[PDB]
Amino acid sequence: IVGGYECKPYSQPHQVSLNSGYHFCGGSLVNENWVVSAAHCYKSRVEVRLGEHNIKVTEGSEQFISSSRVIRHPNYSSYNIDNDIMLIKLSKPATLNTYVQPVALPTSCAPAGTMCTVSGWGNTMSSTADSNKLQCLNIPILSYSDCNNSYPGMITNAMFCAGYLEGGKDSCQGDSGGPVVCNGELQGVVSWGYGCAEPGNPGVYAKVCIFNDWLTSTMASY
């Protein structure tokens, strides 16, 4: 997260770290058994680390749980990173407590101008902001006109832009898969951009509100 601040510990209790040797993507706990992340973060088995604030220190709050199933959206497209959403089923349910709490799925799509929070342990492009401690940033959703003007012909219905066209504040590498939460609902998943925090290149996010049908039917299993 570039241009943000260290989160109050456990203020984003849905935030998870996906780890396979080291932190490589974030995710969001949506109930005791399932995590939502980005489809490009796919690995066939991952360890999900919950209750984290500083990922390099054991603090006592952590739960580390292996995945049992990692399911990419059927229409994910790696060429253009379209439909970039994935579900991870935990091999055992998370214990919900002060440190670990799910985030609600959206009841409707949030309109442009809504203020949201994005968080993660990715690159901060700063000598003073430590990416091992969870960083937080407040970003507005941008209109489709601004988003498509920044990235001509690249923005699909499964994507939205959020951030600042002036640059300076953005998500960055190592934040993929993490939450964009707006008024207590998971509206976006960190997905892609041209660099990080560059003028005229706001971050692009997977639009969760159009995936409610697939998310809730898949979390039912078979």
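One-based numbering along the sequence shown.
As the entry records it, the average C-alpha temperature factor is higher for 62-70, out of 62-70 and 159-167. Comparing 129-137 with 71-79, the higher mean C-alpha B-factor in the PDB entry belongs to 71-79. Highest CA B-factor among the listed residues (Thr114, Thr124, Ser119, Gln101): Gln101. Which of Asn31, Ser28, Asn54, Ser191 has the largest Cα B-factor in the deposited entry comes down to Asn31. Among the modelled residues of the chain, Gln15 sits in the lowest third by CA temperature factor in this PDB entry.
Residue-level temperature factors show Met219 in the highest third of its chain, judged at the C-alpha atom. Looking at the C-alpha B-factors along this chain, the one for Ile85 belongs to the lowest third.
In this PDB entry, the Cα temperature factor of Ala197 sits in the middle third of its chain's modelled residues. Among all modelled residues in this chain, the alpha-carbon of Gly21 has a temperature factor (C-alpha) in the highest third.
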